[PDB]
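# Examination of the molecular architecture
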Amino acid sequence: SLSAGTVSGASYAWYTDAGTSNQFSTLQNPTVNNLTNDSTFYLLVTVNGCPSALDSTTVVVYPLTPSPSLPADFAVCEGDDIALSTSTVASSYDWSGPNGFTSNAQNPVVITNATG
Amino acid sequence: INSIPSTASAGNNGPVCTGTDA
């Protein structure tokens, strides 16, 4: 989302191109869809008929979270235990698997009696 | 002699799931 302060008597216009061309919205607080990298927008405000100086904004885009690191494909004998874990640090973990296995942990509860 | 206004910016409430309202 983009934003602009409220000015009495003002109309608003946003542009995607400095030089005041390629208008994109005449709302005060328009949205931006599908950002994949850093991008800029230009706000030009006009009160009583006079345009303001152009005021640019930059929308900063956060990098891709890299894939979680897991053990290579392993192999247990029936009766042994399946100990899953990940080496990466996160705010939240979400695991799922066979037999309804579900967990929220860096180191999930170990399955103590492996079976088919 | 009035004056033609700009285009109140038209839009909608995002993508809509087939079969529902918008």
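Residues numbered from 1 in each chain as written, not as in the entry; some residues may be left out. Chains lettered and ligands numbered in written order. Part of a larger assembly, values for the part shown. Heavy atoms only, no water.

Judging from the entry metadata, cryo-EM is the method by which this structure was determined, and 3.4 Å is the reported resolution.

Further remarks concern the nonpolar core. All names here are of chain A. Core analysis: the largest hydrophobic core is formed by eight residues, namely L2, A4, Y12, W14, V32, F41, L43 and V45. Among the elements that line this core, the one with the most residues is strand β3 (residues 39-47), at three residues. Discounting residues that sit within four places of it in the chain, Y12 has contacts with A4, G5, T6, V7, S25, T26, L27, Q28, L43, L44 and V45. (Core = buried A, V, L, I, M, F, W, Y, C linked by side-chain atoms within 4.5 Å. Buried < 20%, exposed > 50% of the residue type's maximum accessible area, 1.4 Å probe, protein only. Helix = DSSP H or I, 4+ residues; strand = E, 2+ residues; numbered from the N terminus. Contact = heavy atoms within 4.5 Å.)

All right, on to the packing of aromatic side chains then. All names here are of chain A. Considering all chains together, one arrives at two aromatic pairs over all chains under this definition. Aromatic side chains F24 and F41 sit 5.2 Å apart centroid to centroid with 45° between the ring planes, which places their arrangement in the tilted category. In this pair, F24 sits in strand β2 (residues 21-25) while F41 sits in strand β3, placing the two residues 17 residues apart along the sequence. We classify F24 as partly exposed; its relative accessible area is 26%. Through a chain of ring-to-ring contacts, the aromatic side chains of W14, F24 and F41 assemble into a single cluster. (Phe/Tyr/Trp six-rings, centres within 6.5 Å; stacked < 30°, edge-to-face > 60°.)

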